[PDB]
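Submitted below is the structure of interest, expressed as structure tokens.
The letters A, B, C and D name the chains in turn, as written, and every chain counts its residues from 1.
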Amino acid sequence: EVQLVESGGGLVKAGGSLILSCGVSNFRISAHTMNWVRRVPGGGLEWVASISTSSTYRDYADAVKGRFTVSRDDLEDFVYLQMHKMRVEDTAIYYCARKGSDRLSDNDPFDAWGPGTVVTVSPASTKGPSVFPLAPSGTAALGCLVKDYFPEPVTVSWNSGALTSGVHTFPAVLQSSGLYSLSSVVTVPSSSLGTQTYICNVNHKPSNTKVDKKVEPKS
Amino acid sequence: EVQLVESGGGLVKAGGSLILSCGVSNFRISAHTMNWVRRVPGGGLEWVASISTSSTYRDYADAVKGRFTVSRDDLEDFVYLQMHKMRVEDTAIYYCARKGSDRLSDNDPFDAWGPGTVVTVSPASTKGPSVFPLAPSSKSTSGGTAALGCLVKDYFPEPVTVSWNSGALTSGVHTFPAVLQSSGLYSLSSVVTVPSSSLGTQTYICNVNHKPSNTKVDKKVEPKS
Amino acid sequence: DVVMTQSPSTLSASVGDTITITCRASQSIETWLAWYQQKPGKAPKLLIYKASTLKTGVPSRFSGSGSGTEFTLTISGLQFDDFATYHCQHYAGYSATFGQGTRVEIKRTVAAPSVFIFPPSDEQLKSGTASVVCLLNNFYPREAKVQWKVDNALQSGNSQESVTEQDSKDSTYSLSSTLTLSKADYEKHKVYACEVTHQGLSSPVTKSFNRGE
Amino acid sequence: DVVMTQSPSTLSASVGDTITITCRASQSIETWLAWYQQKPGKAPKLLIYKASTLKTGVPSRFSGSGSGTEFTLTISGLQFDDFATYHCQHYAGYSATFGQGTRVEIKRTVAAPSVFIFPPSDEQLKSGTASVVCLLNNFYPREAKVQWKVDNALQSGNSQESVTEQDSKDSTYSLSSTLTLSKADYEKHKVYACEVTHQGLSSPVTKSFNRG
């Protein structure tokens, strides 16, 4: 009635990081070598990592060395798997398995497995922003909305840097979709709405994206 | 100088789990008691957890006790924070800080901090699906058999059960395993083949039930204009 | 490094049969081999270790034999519960390697898929998303190939597939491939096509539609 | 548990002033107290430990004193770099507790926010999403309250706010609230309004528009 259970799976962007934990029940992990294995969508199993007793030996599959790290916590019976610089082929169901038997020999099979946790790695590591105008409806206010980009940062100028007075670029917000959104506004004299042109320049270096958008008072 | 760096932050749904790591450079963690602190959106700092040398003492704030776990890995200089059953008030910037000083006494302040990682816990633990018809097209009908169905997209979490005509229609029904989209929401489709002559008399309604949100949607599928 | 290769990749048989799955090692591993059973969505269960030793609790209809570089797993008298994937593993002291897996399915006659294509609904379309669905209904064997063509341009990376298990009545499979696009990208093209390749077909079947009609 | 309370929560002053921040402990903590500085988006820097000892590198204009249950951090001669949040911490061998933090900002006269409302652009609207933006330009102090009303219905859970830091020129703040809706939900209603409450206003100011 030995039991194991993983936690920490989920969705990750290409190049991101994700840490998985593994807890146990009705035995202690100190005496056992602990392993991480993954079932790829193709259906086959693939050995990921192994940590020996007292963390003397830490072994990784060739496809994950330099990117993955396995750790153990014997006093509280936990195992950890850090995955950095994640690739699309890292998408799999990750199980935490124990090496053991009725008597502990020097090389026993995987007699206990956890139910596994799903780890999905989306291919898109970056996304360019969509830029929409905030049209001026004395003093008028105008701007542009820079929405749905990943990751930070995004820089915004006005008229290639000519217009600096009265400009407010707000800090980015993290939307419930996982993409960032910000808005940049400027205060201008109303009379200048007909003559002076207003262009906001949005630069997103992670995607090498450059968008110049001008803003009108609409018809 | 000594440096620390966190990893593993991001978006979490209410009730989910998330583990954060902390790596170091230009010093060893073995001699230092390691701590996790969080800055809430209100602006103030809040001590979360502390793990002593050799993992002898592990202490937690009351608001996270029973839900969080702190671990250390001295041989490779890593610190871990498991956060389970996460609440919305857990939303914060989490910094991994070192307890130390120029000389190690029995009680020193937090002399080294990491840049911090953002952990956002959205209040919505579930989302109801949008159901669209996959209509028997004017041309996509061969022989005497037509295919129709409905697409149940953008819901969370699994599962979703789909019946046809309140359970009357069972033969020829295929409900496909859910797919995980890049947005983090699930998508599924349910199809059935019916005789073409039955397109005029028998009405076809798919009943979608998503108990995690307790959302039930009956949608009928007719041919387009 | 030792590489484990299973044979076959898919093994079709009937209830009551006696089946054998072979596991071949590139190098001699003596009896450091294990056999695991795994069903979809579940964890792998250890069936046999040290080539021939049956773990306590495993039914006697399972057996394993072999050594060095040749290993066999025999199921004598297949029951319905025995239909799953079977993995052989060479386990070392601090590492391990698995085979590709052998899926044991219900044997049936080859069946061609009935292919259907569904354009995106207007309700979904005006919300900003166009999902184009392609359905392959009741085919056998499981191996099928679906390619999307948009204005004769072959698509890559914008579609997701989903396969059913063997249907309890006819022992066939069904597959659905969804090509998802933004409303603008969908409005930017005319003809959408699903091309299906399957052994039960003499040639690829192409179902298409023009955006609008 | 030991409870640490800072006073004030926000301290407005000018460059060159001498300011004091108080930290009170519910119980006696002797001299086991530290002071940290934190700026937006950065990590806390340890300034003082053991109530009074300045960490190597901290300017001499910072000082700390006190014991038992009363502690003070004094900044003599505020420079522009000193405007930040300051946290006091009782650090024990295996636990710690912080105050709420004291935000030290540039003092200025009260200024009402210029409120503007921006309907969603048609380009975004045809893509399926409607973002309605409401802007509060150049106000002081920082505390403001923005409520969204759609056909007189108060919205909750579909808006996100974002605030700038103190402007180097006028020492004011600006805030932007984005109400995001689906195209269908947006098409189902007529009047959209942001109502803003701020100390510089005699009453909440409402900026609205009719869809169309």
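The criterion applied here is as follows: a residue touches a chain if its C-beta (ideal position, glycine included) is under 8 Å from a C-beta of that chain, and two chains touch if they have at least 3 such contacts.
Colleague: Taking each chain's centre as its mean C-alpha position, how far apart are subunit A and subunit C in Å?
Modeller: From the centre of subunit A to the centre of subunit C is 29 Å.
Colleague: Using Cα averages as centroids, what's the distance between subunit A and subunit B in whole Å?
Modeller: 12
Colleague: Check each residue of subunit A and list the ones that touch at least two other chains.
Modeller: Residue numbers touching two or more other chains: none in subunit A.
Colleague: Could you tell me which residues belong to subunit C and also touch two or more other chains?
Modeller: Each of 127 in subunit C touches at least two other chains.
Colleague: Name the shape of the chain contact graph, picking from line, ring, star, complete and other.
Modeller: If you draw each chain as a dot and join those that touch, every dot ends up joined to every other.
Colleague: Run through the chains and report each pair that touches.
Modeller: Once each pair is checked, the touching ones are A-B, A-C, A-D, B-C, B-D, C-D.
Colleague: For the complex, give me every residue of subunit B touching subunit A.
Modeller: 7-8, 10-11, 16-21, 55, 58, 69, 71-73, 75-76, 78, 80, 82, 84, 118, 120, 122, 124, 180, 182-184
Colleague: Give the list of subunit C residues in touch with subunit B in this complex.
Modeller: Within the complex, subunit C contacts subunit B at residues 114, 116-121, 123-124, 127, 131, 133, 135, 137, 160, 162-164, 167, 174-176, 178, 180, 207, 209, 213.
Colleague: Give the list of subunit C residues in touch with subunit D in this complex.
Modeller: Answer in residue numbers: 126-129, 182-184.
Colleague: Can you tell me which positions in subunit C touch subunit A when the two form their complex?
Modeller: My answer: residues 32, 34, 36, 38, 42-46, 49, 55, 85, 87, 89, 91-101, 103, 157.
Colleague: Flag every residue of subunit B that touches subunit C in the complex, lowest number first.
Modeller: Going through subunit B, the ones touching subunit C are 130, 132-135, 137-140, 142, 145, 147, 149, 151, 153, 174, 176-179, 181, 187-189, 191, 193.
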